[PDB]
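Visitor: Have a look at this one before I ask anything.
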Amino acid sequence: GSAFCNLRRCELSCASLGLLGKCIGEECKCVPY
């Protein structure tokens, strides 16, 4: 595809829980660090 997910759009959304995020295409996943 020509377009992909933003890292802030996962790192902020996982910081709402209290941890870091990483994003693949559109799917955001949270990690402890």
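In the entry's author numbering, the protein residues as written are 1 to 33.
Where is the CB? At the ideal position from N, CA and C, for every residue including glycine.
What residues in its chain sit with their C-beta under 7 angstroms from that of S13, if we drop five residues either side in the sequence?
Guide: If you number the sequence shown from 1, residue 13 lands on position 13. Counting only Cβ-Cβ distances below 7 angstroms, and skipping sequence neighbours, we find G21 and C28.
Visitor: Using the C-alpha atoms, what's the distance from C30 back to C5?
Guide: Position 5 of the sequence shown, counted from the start, is the residue given in the question as residue 5. Position 30 of the sequence shown, counted from the start, is the residue given in the question as residue 30. C-alpha separation (whole angstroms): 14 angstroms.
Visitor: Who does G21 pair with in a DSSP beta bridge?
Guide: Counting from one through the sequence shown, the residue named residue 21 turns up at place 21. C30, per the DSSP bridge assignment.
Visitor: Where do the N-terminal and C-terminal ends of the alpha helix (DSSP H) with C10 fall, by residue?
Guide: As a working note, residue 10 is residue 10 in the sequence shown. Counting along the chain, the alpha helix (DSSP H) containing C10 begins and ends at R8 to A15.
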